[PDB]
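Student:
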Amino acid sequence: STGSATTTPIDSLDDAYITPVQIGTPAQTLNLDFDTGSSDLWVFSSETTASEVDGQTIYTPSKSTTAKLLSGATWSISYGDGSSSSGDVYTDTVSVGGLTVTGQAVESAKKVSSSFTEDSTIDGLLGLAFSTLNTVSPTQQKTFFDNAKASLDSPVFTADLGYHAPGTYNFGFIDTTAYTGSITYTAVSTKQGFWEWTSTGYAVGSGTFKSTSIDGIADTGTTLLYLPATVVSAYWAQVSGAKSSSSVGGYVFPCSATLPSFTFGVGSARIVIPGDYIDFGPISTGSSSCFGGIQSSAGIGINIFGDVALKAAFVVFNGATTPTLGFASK
């Protein structure tokens with residue numbers, strides 16, 4: 001089997017992407033944030049504290065003839081950005097782009113943090129990291145991909161995120177029309193539960209490539225590119241007037257600037273992030289100070305190849321017995 005679904009930016013900055021997901025019978029369609037950095041499929045629901053729901057579409061398990069309470073199961077998650085959610089668990093039928101999993105754990109939120117409430121466009125998350133990170137207790141549950149894997153034509157999914165435009169998540173096949181040149185594959189460590197890999201280096205604009213190993217995670221659920229402070233300083237040094245602002249919480253730059261590109265290495269291959277992808281607009285409405293899309297990972301504890309990086313590439317998440325990651329230009 002295969003599946004193919006369009007993923008759409010939630011706003012004009014590409015802060016996140018939402019993908020429609022069918023849950024239950026009859027289908028209840030929710031727009032979920034596909035997150036290769038976590039492993040829970042959780043949704044706003046009829047059980048979510050009413051004051052914590054603000055415009056989201058909810059899953060109502062009592063209206064699904066295929067929903068079953070997973071007795072005794074609870075979940076609770078905290079994300080790298082300080083947001084969190086928790087609740088109980090149902091199994092139900094879940095379909096993405098024509099690919100159906102029966103008996104998928106659907107984690108129903110009883111509580112969500114303010115950051116989730118405030119984002120009316122995101123109805124929940126669909127985790128695509130390794131199932132070892134799933135938070136369901138006392139019986140850990142599998143991701144949608146893990147459940148689908150054996151049925152797929154090939155045990156892969158691909159992320160093709162757009163810049164200020166829709167893109168595509170495919171399951172079970174590689175669309176050879178969706179990228180240019182070849183796909184370069186690189187090794188993955190699953191030891192921390194992530195799609196963790198090592199970039200071979202970077203360049204700023206038309207500058208020379210610096211060969212250096214940068215361990216990090218491919219994370220569709222993180223907006224920005226978080227890299228070591230040395231790398232990030234080298235980038236922003238090429239933007240007149242850019243500075244790290246402790247009050248704002250990262251590098252800012254004059255909105256009048258033209259940003260240089262940023263290149264990262266995948267083996268001997270190179271992915272070029274155009275400068276415009278690094279612009280996250282005014283820090284507050286009407287400001288001439290703009291927020292940068294490349295930020296320091298210092299104090300996160302891990303480097304993160306988030307959407308800024310991934311949307312410059314066609315990315316293969318290869319879930320073979322020994323997982324690997326592939327990147328192509330597009």
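Quick note: the sequence shown uses the authors' numbering, first residue 1, plus one each step.
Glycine included, each C-beta is placed from N, C-alpha and C at the ideal position.
Quick one: using the 10 Å Cβ neighbour count with 16 as the cut-off for buried, is residue 61 buried or exposed?
Tutor: The residue is buried, with at least 16 neighbouring Cβ atoms inside 10 Å.
Student: Quick check: the Cα distance between residue 248 and residue 160, rounded to an integer number of angstroms?
Tutor: Roughly 31 Å between the two C-alpha positions.
Student: Output needed for residue 76: all residues of its chain with C-beta closer than 7 Å, excluding positions within five of it in sequence on either side, in chain order.
Tutor: Correct list, in chain order: 86 and 135.
Student: So residue 94 and residue 317 are in contact, right, with Cβ under 8 Å, and what is the actual spacing, rounded?
Tutor: In fact, because the Cβ distance is near 18 Å, the residues do not count as touching under 8 Å.
Student: Express the C-alpha separation of residue 90 and residue 142 in angstroms, rounding to a whole number.
Tutor: Straight-line Cα distance between these residues: approximately 13 Å.
Student: If the criterion is Cβ atoms closer than 8 Å, does the pair residue 148 and residue 171 meet it?
Tutor: A contact, by the Cβ cut-off of 8 Å.
Student: Does the Cβ-Cβ distance between residue 226 and residue 297 come in under 8 Å?
Tutor: Yes; because the gap between Cβ atoms is below 8 Å, this pair is in contact.
Student: Where does residue 151 sit, in a helix, a strand or coil, going by DSSP?
Tutor: Of the three classes helix, strand and coil, the one that applies to residue 151 here is helix, per DSSP.
Student: Look at the Cβ atom of residue 294, then the Cβ atom of residue 235, and state whether they are nearer than 8 Å.
Tutor: Cβ distance < 8 Å, so residue 294 and residue 235 count as in contact.
Student: Which residues in the same chain as residue 46 place their Cβ atom closer than 6 Å to its Cβ, once the five residues preceding and following it in sequence are excluded?
Tutor: Closer than 6 Å at the Cβ level, and outside the excluded window around residue 46, lie 58 and 60.
Student: Within 10 Å of its beta-carbon, does residue 150 have 16 or more other beta-carbons around it, so buried, or fewer, so exposed?
Tutor: By the 10 Å Cβ count, residue 150 comes out exposed.
Student: Indicate the three-state DSSP secondary structure (helix, strand or coil) for residue 195 in the structure shown.
Tutor: In this structure, residue 195 counts as coil in the three-state DSSP scheme.
Student: At what residues does the alpha helix (DSSP H) containing residue 116 begin and finish?
Tutor: Unbroken alpha helix (DSSP H) run through residue 116: 114-117.
Student: For the stretch 200-213 against the stretch 8-19, are there 3 or more C-beta pairs whose distance is under 8 Å?
Tutor: In short, these stretches do not touch, since the Cβ pair count stays below three.
Student: Out of 237, 323, 228 and 52, which one is the CA nearest neighbour of residue 190?
Tutor: For the residues 237, 323, 228 and 52, the minimum Cα distance to residue 190 belongs to 323.
Student: What does DSSP give as the partner residue(s) for residue 279 in the beta ladder?
Tutor: Answer by DSSP bridge pairing, in chain order: 292.
Student: From residue 210 to residue 223, what does the alpha carbon distance come to, in whole angstroms?
Tutor: Each residue's alpha carbon lies about 24 Å from the other.
Student: I need the boundaries of the alpha helix (DSSP H) containing residue 40, first residue and last residue.
Tutor: Segment: none, residue 40 is in no alpha helix (DSSP H) and carries neither H nor E.
Student: Starting from residue 309, trace the alpha helix (DSSP H) both ways and give me its first and last residue.
Tutor: 307-310 is the extent of the alpha helix (DSSP H) around residue 309.
Student: DSSP puts residue 107 in a beta bridge; with which residues?
Tutor: Residue 107 pairs with 42 and 89.
Student: For residue 132, which option in 175, 164, 120 and 195 has the closest C-alpha, if you only look at C-alpha atoms?
Tutor: Nearest option by C-alpha distance: 195.
Student: Can you check whether the CB of residue 34 is closer than 8 Å to the CB of residue 169?
Tutor: Cβ distance < 8 Å, so residue 169 and residue 34 count as in contact.
Student: When you compare only the Cα positions, how much space is there between residue 154 and residue 314?
Tutor: Distance between the alpha carbons of residue 154 and residue 314: 17 Å.
Student: If the criterion is Cβ atoms closer than 8 Å, does the pair residue 265 and residue 38 meet it?
Tutor: No, they are not a contact pair.
Student: Does the stretch 16-32 come close enough to the stretch 95-107 to have 3 or more Cβ pairs within less than 8 Å?
Tutor: Because the criterion of three Cβ pairs below 8 Å is met, the stretch 16-32 and the stretch 95-107 touch.
Student: So residue 315 is in the beta strand (DSSP E); what residue range does that whole segment cover?
Tutor: Where residue 315 is concerned, the enclosing beta strand (DSSP E) stretches over 314-318.
Student: For residue 185, which of helix, strand or coil comes out of DSSP?
Tutor: In this structure, residue 185 counts as strand in the three-state DSSP scheme.
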